[PDB]
Amino acid sequence: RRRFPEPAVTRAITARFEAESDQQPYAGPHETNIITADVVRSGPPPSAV
Amino acid sequence: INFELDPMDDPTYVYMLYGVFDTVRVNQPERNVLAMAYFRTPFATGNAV
């Protein structure tokens with residue numbers, strides 16, 4: 051019982067567990083690359099003469 | 889245009905053909921991008937919408 055981690059340690063463990071999610075609220079390089087890819091190929095083409 | 893015709897015995901059209909350059913050039917700049925421009929020199933059909 052007295053070896054139960056202090057709240058700072060639990061906070062660090064939980065933050066480290068959350069960092070490895072892959073489902074962070076904002077887009078990582080994987081998601082932002084494809085969000086850039088689809089906006090690039092959206093709307094009227096630029097090379098269309 | 890004023891026509892004089894032999895009187896026939898049934899309602900008839902007068903198939904009139906002008907001389908036009910109803911040409912189209914096809915622009916295909918990238919993959920699955922198909923665009924056509926239709927232009928007819930005496931009688932065009934551009935309505936500027």
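These protein sequences, in sequence, are chains O and E.
Number 72 in the authors' numbering belongs to position 22 of the first sequence; there are no gaps in the numbering.
Number 902 in the authors' numbering belongs to position 14 of the second sequence; there are no gaps in the numbering.
Even for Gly, the Cβ is constructed at its ideal location relative to N, Cα and C.
Where does the unbroken alpha helix (DSSP H) through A69 of chain O begin, and where does it stop?
As a working mapping, residue 69 of chain O is identified with position 19 in the first sequence. Counting along the chain, the alpha helix (DSSP H) containing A69 of chain O begins and ends at 57-69.
Whole-number beta carbon distance between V921 of chain E and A98 of chain O, since they are thought to touch under 8 angstroms:
The sequence position of residue 98 of chain O within the first sequence is 48, counting from 1. The sequence position of residue 921 of chain E within the second sequence is 33, counting from 1. The pair is a contact, with the Cβ atoms about 6 angstroms apart (cut-off 8 angstroms).
Assigned secondary structure, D72 of chain O (DSSP; H/G/I helix, E/B strand, else coil)
By one-based count along the first sequence, residue 72 of chain O stands at place 22. Here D72 of chain O sits in coil by DSSP.
Can at least three beta-carbon pairs, one atom from the region 72-88 of chain O and one from the region 889-898 of chain E, be found at a separation below 8 angstroms?
no
Taking 7 angstroms as the threshold (C-beta atoms), are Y906 of chain E and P930 of chain E in contact?
Mapped onto the second sequence, residue 930 of chain E falls at position 42. Mapped onto the second sequence, residue 906 of chain E falls at position 18. The answer is yes: Cβ separation under 7 angstroms.
Quick check on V89 of chain O - is its C-beta less than 7 angstroms from some C-beta in chain E?
Along the first sequence, read from residue 1 onward, the residue named residue 89 of chain O stands at position 39. By this cut-off, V89 of chain O is not an interface position.
In chain order, what residues of the same chain have a beta carbon less than 7 angstroms from the beta carbon of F909 of chain E, not counting five sequence neighbours either side?
As a first step, residue 909 of chain E is located in the second sequence; it is residue number 21 there, counting from the start. Cβ neighbours of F909 of chain E beyond the five flanking positions: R928, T929.
Which partner residues of residue 941 of chain E appear in the DSSP bridge assignment?
Since the displayed chain E opens at 889 and closes at 937, residue 941 of chain E lies outside it and no answer follows.
Determine, using beta carbons only, whether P899 of chain E and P95 of chain O come nearer to each other than 7 angstroms.
Locating residue 899 of chain E in the second sequence gives position 11, where the first residue counts as 1. Locating residue 95 of chain O in the first sequence gives position 45, where the first residue counts as 1. The answer is no: Cβ separation not under 7 angstroms.
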